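Peer 1: based on what follows, work out the 3D shape:
(chains A, B, C, D, E and F, ligands or ions: 3)
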Amino acid sequence: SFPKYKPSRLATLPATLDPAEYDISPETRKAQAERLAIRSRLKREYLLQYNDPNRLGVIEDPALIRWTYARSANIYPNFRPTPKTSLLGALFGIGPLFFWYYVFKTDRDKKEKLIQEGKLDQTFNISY
Amino acid sequence: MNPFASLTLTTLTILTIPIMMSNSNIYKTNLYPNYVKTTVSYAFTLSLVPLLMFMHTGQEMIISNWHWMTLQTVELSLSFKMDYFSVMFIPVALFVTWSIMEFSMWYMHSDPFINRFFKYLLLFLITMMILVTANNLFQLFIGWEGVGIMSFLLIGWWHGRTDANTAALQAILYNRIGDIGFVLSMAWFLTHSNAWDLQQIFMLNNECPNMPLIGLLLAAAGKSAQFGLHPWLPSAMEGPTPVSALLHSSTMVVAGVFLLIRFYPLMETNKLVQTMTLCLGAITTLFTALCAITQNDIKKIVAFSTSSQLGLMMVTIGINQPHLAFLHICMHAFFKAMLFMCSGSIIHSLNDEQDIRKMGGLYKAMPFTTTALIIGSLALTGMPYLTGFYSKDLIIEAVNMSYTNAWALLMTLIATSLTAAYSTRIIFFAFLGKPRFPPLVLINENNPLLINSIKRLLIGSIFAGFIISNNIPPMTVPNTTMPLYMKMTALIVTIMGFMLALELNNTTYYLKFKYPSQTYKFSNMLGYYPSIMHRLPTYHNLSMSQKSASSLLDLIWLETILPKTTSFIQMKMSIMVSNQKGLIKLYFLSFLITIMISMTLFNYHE
Amino acid sequence: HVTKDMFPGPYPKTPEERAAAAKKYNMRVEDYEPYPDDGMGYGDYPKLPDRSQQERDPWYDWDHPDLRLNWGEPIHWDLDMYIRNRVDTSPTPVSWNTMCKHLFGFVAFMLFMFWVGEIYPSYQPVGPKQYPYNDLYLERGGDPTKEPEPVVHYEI
Amino acid sequence: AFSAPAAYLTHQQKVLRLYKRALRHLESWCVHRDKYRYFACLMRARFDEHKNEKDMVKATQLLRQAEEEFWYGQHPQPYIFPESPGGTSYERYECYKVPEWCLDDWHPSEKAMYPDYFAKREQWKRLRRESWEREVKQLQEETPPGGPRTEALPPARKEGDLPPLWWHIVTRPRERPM
Amino acid sequence: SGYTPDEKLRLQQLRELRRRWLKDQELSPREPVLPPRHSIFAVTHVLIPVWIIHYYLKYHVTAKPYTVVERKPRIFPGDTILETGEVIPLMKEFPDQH
Amino acid sequence: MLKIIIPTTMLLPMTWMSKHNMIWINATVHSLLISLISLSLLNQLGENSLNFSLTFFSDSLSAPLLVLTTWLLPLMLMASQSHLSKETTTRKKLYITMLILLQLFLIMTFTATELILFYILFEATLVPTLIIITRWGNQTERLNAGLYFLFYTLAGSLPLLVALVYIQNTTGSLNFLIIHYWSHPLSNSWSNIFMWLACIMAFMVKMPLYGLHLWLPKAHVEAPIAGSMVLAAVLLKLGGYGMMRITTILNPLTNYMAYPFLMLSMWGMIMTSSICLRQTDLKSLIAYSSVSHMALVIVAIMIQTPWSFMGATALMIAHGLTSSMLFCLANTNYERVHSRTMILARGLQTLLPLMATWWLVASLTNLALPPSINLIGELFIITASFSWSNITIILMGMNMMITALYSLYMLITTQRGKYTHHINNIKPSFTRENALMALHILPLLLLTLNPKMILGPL
Ligand SMILES: CCCCCCCCCCCCCCCCCC(=O)OC[C@H](COP(=O)([O-])OCC(O)COP(=O)([O-])OC[C@@H](COC(=O)CCCCCCCCCCCCCCCCC)OC(=O)CCCCCCCCCCCCCCCCC)OC(=O)CCCCCCCCCCCCCCCCC
Ligand SMILES: CCCCCCCCCCCCCCCCC[C@@H](O)O[C@H](CO[C@H](O)CCCCCCCCCCCCCCC)COP(=O)(O)OCC[N+](C)(C)C
Ligand SMILES: CCCCCCCC/C=C/CCCCCCCC(=O)OC[C@H](COP(=O)(O)OCCN)OC(=O)CCCCCCC/C=C/CCCCCCCC
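Peer 2: Residues are numbered from 1 along each chain as shown, chains lettered A, B, ... in the order given. Ligands and ions are numbered 1, 2, ... in the order given. Take a look:
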């Protein structure tokens, strides 16, 4: 009836436009109940320490520790040299260097050749 | 000893005294804002005298007072330029700051940190004066970055709010993109002219090449929020209303334009950079005036109006009329600050509401604010013999009668129609009709601070154009002869914009409902420019800086090649060497092999 | 007081390993899904949906209201990219790939029109401006020892 | 913000939320009051036209079509209340909010001013210390063996009890703290 | 629909406690127990700084060459010079297009 | 210049003879007095250096470095006494002894007239740093950090030693004055290329050069606060000082041997600035910042112009002060919350306003706000690079945009937003911490007032 909205990576699909939430099953209801139970258990565990009058300091969060560890220390032990890894490493670690080397070498060779011929307009060029 | 120099220096010097007193027993009392406002008013009154001297005899100066450091052949000194631009801009900025500070005494009365707010406002003013009066590029850069940092601090005034911090960082990002061009210009000038001061740069560049001027244009586009780097100015409305009235409408955002006005002798000799400036200004003014006509936040409308007027200033610079652009800066400051102050008065009256759809009939409920806003809108549209007329009308006539890009001319005319259109939108939705605000009415504008500030800016918006135009020497040749229809072009297009906007606004009273067109969606969502440009490049940059720079290279491959390979090789060789069973049979056989090899390889050759 | 078992591990292969990983990350087994087992180094960490923090419900009582996070729940790999001071993936009124077409079309049209207006400029029906002293030869750079070719203007 | 959420929304809840959203966006389109009232009455008639549909599948199909129409015809710039999550004053006063425990670190000269206030604070702290263990015991009793299933908390039931986990709700800083 | 009796009761109890806490934030009449000319602005903020600046410019800055450079005054036909006393002649017998 | 060396050697037994509860007071007082004495070295000439004896000399390049070292010792002492309160008296005296020995080695390194004596002292600085890191670091990774700190250095410096002795067999001297006066060009042969690499790689790994920098995040994150201060502020500048000394004998080979290092420096400056945008640990962000600034310094030294040398000197001094201040600022929060995760403690401006002001000023100096000496050095280097090639303004320009971003990002993450609700142990700032921040920041602006003292011999 109306023009259709299509989602993208940086502009996602709205919940009210999602087909999965319009055709539901008792299995889906059970899964939602389990999700809410997990969230409620975590919320109770946090709130018990949050309201503790004898608690002074920082309530340690295992999820934050897991996130930082995964982002920092768990990366190399889970690395394998593969065609994708090797190709991406070679590209993004070597290509820019040679690209910039070619650019700068060409520019400086042109400038040097111009200077040898004596046509660069270096008047008032005292500081370098 | 010709009090010109002493008075020009004292005007800037006395502004720093409350900064030095910010650690005394006046910053802790409730008398600090009045003290700062009185200091600014005294500074304005003192600065009025060098302006009179210049208007009498055209007196100009440069003062190189302190020698900072000297390179081998480059000497860096604290020097101030006191030409027409400085001595004209300083009183205007001081007058506007005085009015806005008196307004802020009433607007920010409930802020627990009002003293810090005034201290912040004064620091911005000092940095802007440093920018304006600078005689060398390093001092100008000091003022540049100072006003940038002060704007960053004032945009994120409510630092517990996420959107304000995001807007402040956005302003910093766009200004840094401009600062790249600023630094390019500085490096080119030092390596080619051996100077950073204006006099030697003017002497040694009779036909300026493209690179320094393009760097200056990039810096100006960053500072004045031109089309490529425009979105940060409307988002800067996250700050308090006085910050919007002072920094982001009338004083700081013209700085980029001011930069191009400073280097007009070099720009006068380069046609390509002039054409680029003209086209940039034309597209900026058109796009911003087109975005402004559908906005519902009043601060957003006024910000887009400011951006469109900056685009018009860039157009004026592009047609080789820098003095007209400076005059337009001076004219626009008055009524733009007044319009922002009237918007702030409305917002404070209606319990901090900024949507025009919830402002009803304020024509009778808010008489003085209505009068001031009407006068400001009429001045903004170039109504004859008001302040905006004496600059905008001449700008339109000069654009008409020049050898110029035709598309830029067309966009300038369309933009000056859209100006009247969005002025009509503001007036119609905010002041006419029936109330649409909540029923508990707290409308009250009876406060002497607000009334006096707005009245001062209103007298300015009525008479400053005539007074300033009749008191400056003529630096341009007047367009004496023109066809009658081209003499009336600005008035005609303004009238058509008025009528069309009035018709399209009157149609809203009908009992008809229709879904919006794609053109309306393009206008309201700002050409989708912030939707795409603030999501795609940012996502790709951050994702690449995690996935590739941090993980693929620094955490994996750089580790893999040098240290991990060395550790692996040494460990394997250690295992190979040290793992022997301890049986004398095996390594005595090894001894026999060694003896035979040493007898053949080394001993047979002597 | 976090044990070694709690810390993230390698990519799980057996279903028992997947169940243990889901238990470690406070997730249901059918909801837990790791990154594909390439050599990139993700290991055990779950692949959460790519929505930013701006999309989360602002009317819920989050443990961290500004971050819109709850204590103990699994954190997205790219949380610092999605902190809502930053990249936003929220649904838009107009489709992506339609905003892009309109923006690119507007920009390209303006560029082409500026080029056209440059090669079809606008001007008044007048001749060049006339300057008295040989086009002000001495004023625009001097050189008073060359006797330039005279520039003469006549009355009309 | 105050109520504990459920595991899912029901069909009636979704219909009512769509009705409120549609009316708000229509008001955003219809700026004037009389026009908004007219079109809001039309929208209410359109909503209650299909109120008595006994077929649930058809009801959800109608809801789906209505949500698609809403997404097509939504106002790109709808009116937001200034303190609502999208408003201009959403988190304006969060920088002025200071937690109460900071008062424990005031220098005794600072506490020499406001003696009565700090005496009342000591009384409140004594009450919290005396109530904590009973709150914990009540939560232990009332919780099902497989952990809690919702985020709803029980009230006080005994003679002089206090509702468990009350301190950080009762001692909120303020809506306009400074 | 609506609150369950448990939710209602918890809301009433929390509301009573919160109202007590808000009442306790009020200040008694003594709570801030504190422990123990006209035109002088124009003198200390204008006159003294201008004295210092004028002294610094007159006797220190202008003691070195090219520190305060002014562009020369405009000279028009019919003017007389203050130093030399020389007068400047008039302008070549205007054609008088009256 | 024994009038500076002998008082530090006297600090040693003064510390070891002090009463158990007066070690910090005595060490701080006499360290400050030694800094005041060393202030007299700033009186330099325009033609040659101050040649005190056959063994020690002072130039316009080494005098600000010596002043920075002697000024950093009392700040390190002030920053260390908080987390060492539970330590025994003997171990506290040993820690102070390590700091004093490091200062002595640095002072003698910056003034040695011969290159082998310079090498010996510049390697001797390794032992106290390694001991400090591996004995007083907090986490288990410190051990690995120590190893990364050691071998990365030595694998660079062992070839240099060989080259040095080889040079002494060829020219007969390693005295720097003789080396400068009797300079001869380097021809284009494989032997000369490898001599150039042997003379350059140790200083390259000290800066560190991008690609050889992996030791730095580990060592600067795992170290105690004084270790991080001295690693960022002074020990990174050994590479730059040594490179500016050694380049006098490498011409005209440098003219083309600098290309790979220039490309690495520029691209890796962009890369490390980008890495700073996605960092969860606050100390690692500051370390990668140091890497970017040192890449700028490497470019300046490699292009070999007077403006680039002045910019390099100014940038080294400014970065030392700024990075030390940033490490101290991060350490205050770490001592409060015992975690280095940046997003753990937020909205600290509401709880600690003056510390927030210190954070703002430090981050402003990090992004080189004019007219700070950070900006002066950066601008001089950028101008020299522009003269070297007009295209460099692209990469440099990009760097200027990224730096500010991450700098402000850091500030916005820690000071703004709302405070974390469950963190209730944030005590008011002590006088010691505020004094530490002030003693970092005030010299920066004072040096801005008189920039020719940090601009070097050029
Ligand atoms: C005499 C000599 C001089 C001759 C001059 C020319 C002669 C003609 C005279 C009149 C000319 C213009 C008349 C008015 C225009 C119509 C106004 C209007 O709103 O119509 C309603 C209608 C939409 O109304 P709506 O959606 O129902 O409103 C929503 C509600 O009302 C919500 O209500 P609301 O409260 O939110 O308010 C909505 C708001 C705004 O509502 C909107 O959003 C609509 C925007 C329309 C106004 C924009 C005008 C500026 C044009 C700049 C374009 C530059 C080039 C861009 C190129 C794009 C490239 C893709 O309304 C307003 O505020 C008023 C709008 C402006 C009125 C003032 C007009 C002055 C400017 C133009 C006239 C200039 C006069 C002097 C000329 C001087 C020159 C010498 O607009 C249009 O559809 C027409 C707009 C024109 C766009 C054409 C662009 C092309 C589109 C298709 C592209 C083709 C693609 C082909 C393939 C390509 C492949 C690559
Ligand atoms: C992770 C970061 C580590 C630090 C980075 C250190 C950078 C070191 C890079 C060395 C720069 C250049 C070294 C030598 C200069 C020229 C090299 C050569 O490629 O150029 C041509 C040399 O020609 C050929 O290329 C021959 C060399 C080929 C064999 C070299 C092996 C290089 C392959 C890459 C291995 C990776 C090395 C680094 C390991 C980590 C020039 O032709 P030619 O004029 O005749 O030689 C000049 C010398 N002459 C005059 C004495 C004759
Ligand atoms: C010169 C070389 C570089 C030129 C610039 C190229 C593009 C640079 C890309 C920058 C990537 C930085 C990634 C990290 C930034 C921090 C994250 C961030 O900024 O958050 C996004 C934040 C949130 O978006 P909002 O719309 O404000 O929503 C908030 C309300 N809910 O928005 C932003 O700040 C995004 C700003 C990025 C701008 C990038 C596009 C600019 C491109 C300029 C090109 C035009 C040149 C102009 C030429 C003028 C004529 C001479």
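Peer 1: what residues are up against whatever residue of chain F ends up closest to ligand 2?
Peer 2: In chain F, the residue that lies nearest ligand 2 is residue F:211 (3.2 Å; Cβ to the nearest ligand atom). Backbone N, C-alpha and C define where each C-beta goes, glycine included. Applying Cβ atoms under 8 Å, 6 or more residues apart in numbering or on different chains, we find residue F:211 in contact with B:558, F:264, F:268.
Peer 1: ok, 6 Å please
Peer 2: Residue F:211 makes contact with residue F:264, according to Cβ atoms under 6 Å, 6 or more residues apart in numbering or on different chains.
Peer 1: in what helix or strand does it lie?
Peer 2: Counting by DSSP states H and E, no helix or strand carries residue F:211.
Peer 1: how about it, phi and psi?
Peer 2: Taking degrees, to the nearest 10, you get phi 100, psi -30 for the backbone angles of residue F:211.
Peer 1: what's the closest non-adjacent residue to residue B:172?
Peer 2: Spatial nearest neighbour of residue B:172, excluding adjacent residues (Cβ to Cβ, 6 or more residues apart in numbering or on different chains): residue B:152 at 5.3 Å.
Peer 1: could you report the neighbour count for the one you found?
Peer 2: Residues lying near residue B:152 (other Cβ atoms under 10 Å in any protein chain shown) number 20.
Peer 1: what do you get for the one 5 residues further on?
Peer 2: Here the count is done by other Cβ under 10 Å, and residue B:157 has 22 residues near it.
Peer 1: check contacts around it.
Peer 2: B:239-240.
Peer 1: and what of residue C:47?
Peer 2: If you count contacts by Cβ under 6 Å, 6+ apart, residue C:47 has them with C:33, C:35.
Peer 1: the residue of chain D most remote from its centre and chain E, how far apart?
Peer 2: Distance from the C-alpha centroid of chain D, by Cα atoms, centre = their mean, peaks at residue D:109 (39.7 Å). Distance, residue D:109 to chain E, using Cβ to the nearest Cβ, to the nearest Å: 8 Å.
Peer 1: same question, residue B:53
Peer 2: In terms of Cβ to the nearest Cβ, residue B:53 sits 11 Å off from chain E.
Peer 1: can I get stretch B:316-335 in PDB, CA atoms only?
Peer 2: Extracted in PDB, the C-alpha atoms of stretch B:316-335 (Å, rounded to 0.1, in the frame of the first residue of the first chain):
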ATOM      1  CA  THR B 316      30.200  39.300  -0.900                       C
ATOM      2  CA  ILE B 317      33.900  38.400  -0.400                       C
ATOM      3  CA  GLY B 318      33.800  36.300  -3.600                       C
ATOM      4  CA  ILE B 319      32.800  39.200  -5.700                       C
ATOM      5  CA  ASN B 320      35.800  41.300  -4.400                       C
ATOM      6  CA  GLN B 321      33.900  43.500  -2.000                       C
ATOM      7  CA  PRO B 322      35.500  42.900   1.400                       C
ATOM      8  CA  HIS B 323      34.500  46.200   3.000                       C
ATOM      9  CA  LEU B 324      30.900  45.500   2.200                       C
ATOM     10  CA  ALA B 325      31.300  42.200   3.900                       C
ATOM     11  CA  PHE B 326      32.700  43.800   7.000                       C
ATOM     12  CA  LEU B 327      29.900  46.300   7.000                       C
ATOM     13  CA  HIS B 328      27.400  43.400   6.800                       C
ATOM     14  CA  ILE B 329      29.100  41.700   9.800                       C
ATOM     15  CA  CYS B 330      28.700  44.900  11.800                       C
ATOM     16  CA  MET B 331      25.000  45.300  10.700                       C
ATOM     17  CA  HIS B 332      24.100  41.700  11.300                       C
ATOM     18  CA  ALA B 333      25.500  41.500  14.800                       C
ATOM     19  CA  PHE B 334      22.800  43.900  16.200                       C
ATOM     20  CA  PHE B 335      19.600  42.400  14.900                       C
END
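Peer 1: in terms of helices and strands, where is residue F:170?
Peer 2: Using DSSP H and E, residue F:170 sits in helix F:141-171.
Peer 1: would residue D:2 count as being in a helix?
Peer 2: No: according to DSSP: H, G, I helix; E, B strand; the rest coil, residue D:2 belongs to no helix; its state is coil.
Peer 1: quick check on it: phi, psi?
Peer 2: The phi/psi pair for residue D:2 (degrees, to the nearest 10) is phi -90, psi -40.
Peer 1: who's in contact with the residue in chain F positioned nearest to chain D?
Peer 2: Of all residues in chain F, the one sitting closest to chain D is residue F:424 (4.7 Å; Cβ to the nearest Cβ). By Cβ under 6 Å, 6+ apart, residue F:424 lies in contact with residue D:101.
Peer 1: for chain C, see how far away it is.
Peer 2: Separation of residue F:424 from chain C (Cβ to the nearest Cβ) stands at 14 Å.
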